[PDB]
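Computed from the coordinates by the stated procedures, all read-outs in this text should not be read as laboratory data. All Cβ positions, even for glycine, are placed from backbone atoms using ideal geometry, and neighbour counts span all protein chains on display.
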Ligand SMILES: Nc1ncnc2c1ncn2[C@@H]1O[C@@H]2COP(=O)(O)O[C@H]3[C@@H](O)[C@H](n4cnc5c(N)ncnc54)O[C@@H]3COP(=O)(O)O[C@H]2[C@H]1O
C-alpha cells in the first residue's frame, strides 16, 4: 500500500539528499561560500502543516533563522544544487538546511481532489507529513553516505 | 472511499508546479531568449516519458540525449531563485529552441515499487511491471491535463515518447 508521501520521500532521498551528500563527500576539503569545513550536517526541515506553500514558507524560515543561500556544484557534470547554510561562530561543521519543496505536490494534490480545511483534510495532510518524515528517516539511517550526515527536523 | 490519489498524480503535479512552469516562466520573462549564446524567437519544451521503468531514469536520459545529439544548457540565468539545467537541440533548432527533459521524479516510482515488493526475484514480476506501467500512464495523463489547462504552458510544453 504505497502512500504518495512514501514515493515523494524516496524521490527526494535518491535525487536530492544522496546527490548533495555525495557532492560534499567527493570534495577533498569542504569549501562552502569560500570558508573551509572539516565535516557537515544536512538538516531536512519538515513543515508542521501545508497551510502556507513550501517555497513561500521555506523563504520565511530561512530569513527568520538568518541562514543564506549556498550553491553546491555536484561532482557530476557541474550541476549546482540549491540550499541554505547557517555560517555561525567559526564552527568546523557546515550546518546545511533544506525544506522539501516536493511537499508542495501534496497540498496542491489534496486541495485539487476536494472551501475550508476540514479536520478530516487536516488529519490527512498531517498523516502524509509524518509518513514522509518517517520514510525519509528510515532511508537516511539505511545508507552509510547519509547516516550521521543527515537530520530530519520540525519547523 | 479513502482518497485514491495515486503517487503518480502527486509527482506529476510537483513536476509541473516546481519545474515545468518554473522553466516556462524563465523563458517567457526573457526579452529575448538566449541559450548557450544563441538568440531564439520562441521555445517548445518536450517532456520525454519513458516506455517503462526497466532502466534507471538518469541512465535512460543520458542514452536519449546522446542518441538525439542533444546538449546541456543553463536557464534562469543568475539571481533568479536558482539556475536550471536542460537539454536543447542546437542542430535542428532555428527560431524555436527545442528543449528536452526526462522527469527524474519518475525514478522514485521504480525504487518505491521495488521497496514494497514482498520478495527478491531475478529481475521483476509481471504484476510489479503492471503497477509501473499504469503509474507512468497516470503521470503522463496528469501532466498533459495540467499543461493544456494553462496559457503559460499549453502551446509551449509537449509530452513525447522515448
Ligand atoms: N535541483 C534541485 N533543487 C532543489 N530541490 C531539488 C532539486 N532536485 C531535487 N530536489 C528536491 O527533490 C525532490 C525530488 O526531485 P526529483 O528529481 O526526484 O523530481 C524533481 C525533478 O524531476 C524536477 N525538478 C525540480 N527541480 C529541478 C531542477 N532544478 N533540475 C531538474 N529537475 C528538477 O521536478 C521534480 C519535482 O521537484 P520538486 O521541487 O517538486 O521536489 C524535488 C525537490 O524537493
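Listing for the model above:
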read-out	value
Every residue from the stretch A:13-26 that is touching a strand residue (DSSP E or B) at 6+ places or on another chain (Cβ under 8 Å) and within 12 Å of the ligand (Cβ to nearest atom)	A:16, A:17, A:19, A:20, A:23
Flag if residue A:40 is touching a strand residue (DSSP E or B) at 6+ places or on another chain (Cβ under 6 Å), part of a helix (DSSP H, G or I) and farther than 15 Å from residue A:152 by Cβ	no
Residue that is farthest from residue A:135 (Cα to Cα), among those in the stretch A:1-11 that are surrounded by fewer than 24 Cβ atoms within 10 Å (Cβ to Cβ) and either more than 7 Å from every other protein chain (Cβ to nearest Cβ) or touching a strand residue (DSSP E or B) at 6+ places or on another chain (Cβ under 7 Å) (or both)	A:1
Candidate set from the stretch B:147-162 (those that are surrounded by 13 or more Cβ atoms within 10 Å (Cβ to Cβ) and closer than 18 Å to residue B:57 by Cβ); member that is farthest from the chain's Cα centre (by Cα)	B:162
